[PDB]
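Trainee: Handing over structure-v6.cif, mmCIF, C-alpha atoms.
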data_entry
loop_
_atom_site.group_PDB
_atom_site.id
_atom_site.type_symbol
_atom_site.label_atom_id
_atom_site.label_comp_id
_atom_site.auth_asym_id
_atom_site.auth_seq_id
_atom_site.Cartn_x
_atom_site.Cartn_y
_atom_site.Cartn_z
ATOM 1 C CA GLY R 2 101.886 105.869 120.991
ATOM 2 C CA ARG R 3 102.536 104.909 117.376
ATOM 3 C CA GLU R 4 99.165 103.434 116.423
ATOM 4 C CA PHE R 5 97.977 104.144 112.871
ATOM 5 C CA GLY R 6 95.982 107.184 113.964
ATOM 6 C CA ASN R 7 99.056 108.497 115.775
ATOM 7 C CA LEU R 8 101.368 108.392 112.756
ATOM 8 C CA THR R 9 102.664 111.082 110.406
ATOM 9 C CA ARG R 10 100.480 113.839 108.988
ATOM 10 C CA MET R 11 99.994 113.720 105.223
ATOM 11 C CA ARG R 12 97.583 115.426 102.843
ATOM 12 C CA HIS R 13 95.628 114.557 99.654
ATOM 13 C CA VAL R 14 97.561 111.533 98.488
ATOM 14 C CA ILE R 15 94.686 109.590 96.939
ATOM 15 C CA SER R 16 95.166 105.848 96.389
ATOM 16 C CA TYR R 17 93.349 103.266 94.262
ATOM 17 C CA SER R 18 93.090 99.494 94.763
ATOM 18 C CA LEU R 19 91.389 96.222 93.791
ATOM 19 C CA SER R 20 90.016 93.118 95.454
ATOM 20 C CA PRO R 21 92.358 90.113 95.170
ATOM 21 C CA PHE R 22 89.464 88.090 93.781
ATOM 22 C CA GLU R 23 88.969 90.680 91.047
ATOM 23 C CA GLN R 24 92.456 90.130 89.642
ATOM 24 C CA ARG R 25 94.639 87.178 88.655
ATOM 25 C CA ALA R 26 97.635 86.119 90.745
ATOM 26 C CA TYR R 27 100.105 86.285 87.855
ATOM 27 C CA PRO R 28 99.483 89.260 85.538
ATOM 28 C CA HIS R 29 101.814 89.896 82.571
ATOM 29 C CA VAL R 30 104.538 87.515 83.774
ATOM 30 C CA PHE R 31 106.076 86.692 80.394
ATOM 31 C CA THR R 32 105.844 90.265 79.130
ATOM 32 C CA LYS R 33 106.730 92.371 82.171
ATOM 33 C CA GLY R 34 108.042 90.090 84.920
ATOM 34 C CA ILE R 35 111.075 88.423 83.378
ATOM 35 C CA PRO R 36 112.453 91.622 81.813
ATOM 36 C CA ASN R 37 112.120 93.278 85.234
ATOM 37 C CA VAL R 38 114.056 90.483 86.920
ATOM 38 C CA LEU R 39 116.623 90.897 84.158
ATOM 39 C CA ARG R 40 117.121 94.627 84.678
ATOM 40 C CA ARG R 41 117.436 93.870 88.393
ATOM 41 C CA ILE R 42 120.138 91.275 87.843
ATOM 42 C CA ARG R 43 121.867 93.569 85.340
ATOM 43 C CA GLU R 44 122.009 96.264 88.001
ATOM 44 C CA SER R 45 123.371 93.704 90.483
ATOM 45 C CA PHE R 46 126.207 92.234 88.355
ATOM 46 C CA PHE R 47 129.236 94.509 88.462
ATOM 47 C CA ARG R 48 128.460 95.578 92.015
ATOM 48 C CA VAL R 49 128.470 91.934 93.150
ATOM 49 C CA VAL R 50 130.098 89.195 91.012
ATOM 50 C CA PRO R 51 133.672 90.241 90.119
ATOM 51 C CA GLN R 52 134.917 90.224 93.709
ATOM 52 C CA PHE R 53 133.649 86.656 94.011
ATOM 53 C CA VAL R 54 135.577 85.964 90.825
ATOM 54 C CA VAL R 55 138.623 87.289 92.675
ATOM 55 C CA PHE R 56 137.790 84.765 95.376
ATOM 56 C CA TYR R 57 137.814 82.048 92.728
ATOM 57 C CA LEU R 58 141.209 83.260 91.554
ATOM 58 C CA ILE R 59 142.802 83.325 94.993
ATOM 59 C CA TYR R 60 141.236 79.926 95.666
ATOM 60 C CA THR R 61 142.558 78.202 92.567
ATOM 61 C CA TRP R 62 145.934 79.884 92.947
ATOM 62 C CA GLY R 63 146.228 78.801 96.566
ATOM 63 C CA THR R 64 145.250 75.241 95.760
ATOM 64 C CA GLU R 65 147.642 75.098 92.816
ATOM 65 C CA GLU R 66 150.394 76.619 94.948
ATOM 66 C CA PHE R 67 149.983 74.221 97.858
ATOM 67 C CA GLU R 68 149.697 71.270 95.490
ATOM 68 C CA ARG R 69 152.720 72.621 93.627
ATOM 69 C CA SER R 70 154.988 73.010 96.633
ATOM 70 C CA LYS R 71 153.885 69.663 98.013
ATOM 71 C CA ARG R 72 154.534 67.507 94.945
ATOM 72 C CA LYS R 73 157.517 69.517 93.734
ATOM 73 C CA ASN R 74 159.034 69.077 97.190
ATOM 74 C CA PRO R 75 160.309 65.623 96.177
ATOM 75 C CA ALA R 76 161.139 67.292 92.855
ATOM 76 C CA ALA R 77 163.024 69.814 94.968
ATOM 77 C CA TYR R 78 164.887 66.783 96.283
ATOM 78 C CA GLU R 79 165.409 65.864 92.629
ATOM 79 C CA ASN R 80 167.108 69.112 91.629
ATOM 80 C CA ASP R 81 168.968 68.779 94.926
ATOM 81 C CA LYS R 82 170.414 65.497 93.654
ATOM 82 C CA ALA Z 234 48.240 114.254 92.586
ATOM 83 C CA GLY Z 235 46.079 116.284 94.943
ATOM 84 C CA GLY Z 236 43.240 118.382 93.577
ATOM 85 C CA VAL Z 237 43.759 117.246 90.000
ATOM 86 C CA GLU Z 238 40.909 115.472 88.255
ATOM 87 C CA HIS Z 239 42.344 112.840 85.922
ATOM 88 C CA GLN Z 240 40.351 113.442 82.755
ATOM 89 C CA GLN Z 241 41.019 117.176 82.899
ATOM 90 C CA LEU Z 242 44.732 116.479 83.184
ATOM 91 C CA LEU Z 243 44.581 114.041 80.281
ATOM 92 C CA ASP Z 244 42.473 116.175 77.964
ATOM 93 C CA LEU Z 245 44.804 119.049 78.767
ATOM 94 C CA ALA Z 246 47.885 116.880 78.258
ATOM 95 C CA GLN Z 247 46.704 116.029 74.755
ATOM 96 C CA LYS Z 248 46.897 119.692 73.732
ATOM 97 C CA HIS Z 249 50.530 120.223 74.734
ATOM 98 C CA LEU Z 250 52.475 117.009 75.275
ATOM 99 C CA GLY Z 251 51.066 115.565 72.065
ATOM 100 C CA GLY Z 252 53.683 117.442 70.068
ATOM 101 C CA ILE Z 253 56.429 115.244 71.490
ATOM 102 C CA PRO Z 254 57.971 112.867 68.923
ATOM 103 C CA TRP Z 255 57.206 109.204 69.590
ATOM 104 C CA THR Z 256 58.747 107.156 66.799
ATOM 105 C CA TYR Z 257 62.492 107.273 67.429
ATOM 106 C CA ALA Z 258 64.528 109.701 65.357
ATOM 107 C CA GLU Z 259 67.141 107.739 63.378
ATOM 108 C CA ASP Z 260 65.385 104.772 65.053
ATOM 109 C CA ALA Z 261 67.919 105.057 67.884
ATOM 110 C CA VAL Z 262 67.678 102.530 70.722
ATOM 111 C CA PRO Z 263 69.585 102.699 74.045
ATOM 112 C CA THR Z 264 71.715 99.639 74.848
ATOM 113 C CA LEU Z 265 71.570 98.928 78.593
ATOM 114 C CA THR Z 266 73.733 96.211 80.170
ATOM 115 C CA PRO Z 267 73.685 94.222 83.444
ATOM 116 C CA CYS Z 268 76.825 96.088 84.470
ATOM 117 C CA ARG Z 269 79.644 94.663 86.590
ATOM 118 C CA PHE Z 270 80.388 95.393 90.241
ATOM 119 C CA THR Z 271 84.077 95.762 91.134
ATOM 120 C CA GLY Z 272 85.412 95.043 94.626
ATOM 121 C CA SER Z 273 87.881 97.936 94.569
ATOM 122 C CA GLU Z 274 88.383 100.825 96.995
ATOM 123 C CA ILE Z 275 89.395 104.494 96.906
ATOM 124 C CA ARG Z 276 91.138 106.213 99.809
ATOM 125 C CA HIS Z 277 91.518 110.005 99.627
ATOM 126 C CA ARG Z 278 93.248 111.696 102.566
ATOM 127 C CA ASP Z 279 93.795 115.334 103.664
ATOM 128 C CA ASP Z 280 94.699 114.722 107.320
ATOM 129 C CA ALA Z 281 93.865 118.271 108.447
ATOM 130 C CA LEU Z 282 90.131 117.553 108.231
#
Just give me the structure as structure tokens.

Mentor:
Amino acid sequence: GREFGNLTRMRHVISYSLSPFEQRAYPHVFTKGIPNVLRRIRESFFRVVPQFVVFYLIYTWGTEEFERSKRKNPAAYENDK
Amino acid sequence: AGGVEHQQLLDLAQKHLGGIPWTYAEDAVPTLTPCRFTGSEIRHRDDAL
């Protein structure tokens, strides 16, 4: 019972439109599109990236630490004797 | 149309409608165009109707 006639009541919200054939597929791309994608990415940055950077840090540190203990292990035999 | 006789209507028309200007003032001419037809739509609501 949720057909389009059954949905929410709403009152005088007039809406305008155009035929797809009456308008080009890529309006104002260079002037309005790219800056929009840019503000989007700029909103996304600090909320997303830095924690991944922390992943890069823990990754490189873990690799350097394993590789360090492994190859300094004979070096640990060296300081041993 | 109806009971009017043509020549009476014409001879009478000459005495009153003849005062109407005929040569254009300022020589103005309307500029009609073969105007475009958009494929758009409008959709007003008011659900209480």

Trainee: Write out as number ranges by chain each polymer residue whose atoms come within 9 Å of residue 271 of chain Z, counting all atoms listed in the file; drop sequence neighbours fewer than 5 positions from it.

Mentor: R: 19-20, 23

Trainee: So the first atom is atom CA of residue 27 of chain R and the second is atom CA of residue 273 of chain Z; what is the distance between them in Å, to one decimal place?

Mentor: 18.2 Å

Trainee: Running the PyMOL selection byres ((chain Z) within 10 of (chain R)) on this model by hand, what would come out? Give it as a tab-separated table (two decimals) with C-alpha atoms, in the frame of the given file.

Mentor:
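What ended up in out08.tsv:
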chain	number	residue	atom	x	y	z
Z	270	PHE	CA	80.39	95.39	90.24
Z	271	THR	CA	84.08	95.76	91.13
Z	272	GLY	CA	85.41	95.04	94.63
Z	273	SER	CA	87.88	97.94	94.57
Z	274	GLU	CA	88.38	100.82	97.00
Z	275	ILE	CA	89.40	104.49	96.91
Z	276	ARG	CA	91.14	106.21	99.81
Z	277	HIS	CA	91.52	110.00	99.63
Z	278	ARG	CA	93.25	111.70	102.57
Z	279	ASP	CA	93.80	115.33	103.66
Z	280	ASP	CA	94.70	114.72	107.32
Z	281	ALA	CA	93.86	118.27	108.45
Z	282	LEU	CA	90.13	117.55	108.23

Trainee: Mind pulling up the distance from atom CA of residue 70 of chain R to atom CA of residue 56 of chain R?

Mentor: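 Between atom CA of residue 56 of chain R and atom CA of residue 70 of chain R the gap is 20.9 Å.
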
Trainee: Between atom CA of residue 81 of chain R and atom CA of residue 65 of chain R, what is the spacing in Å?

Mentor: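 These atoms are spaced 22.3 Å apart.
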
Trainee: Give the padded box for segment 23-33 of chain R as JSON: axis-aligned, covering all atoms listed in the file, 4 Å on each side, centre and edge lengths in Å to one decimal.

Mentor:
{"center_x": 97.8, "center_y": 89.2, "center_z": 85.1, "size_x": 25.8, "size_y": 14.3, "size_z": 19.9}
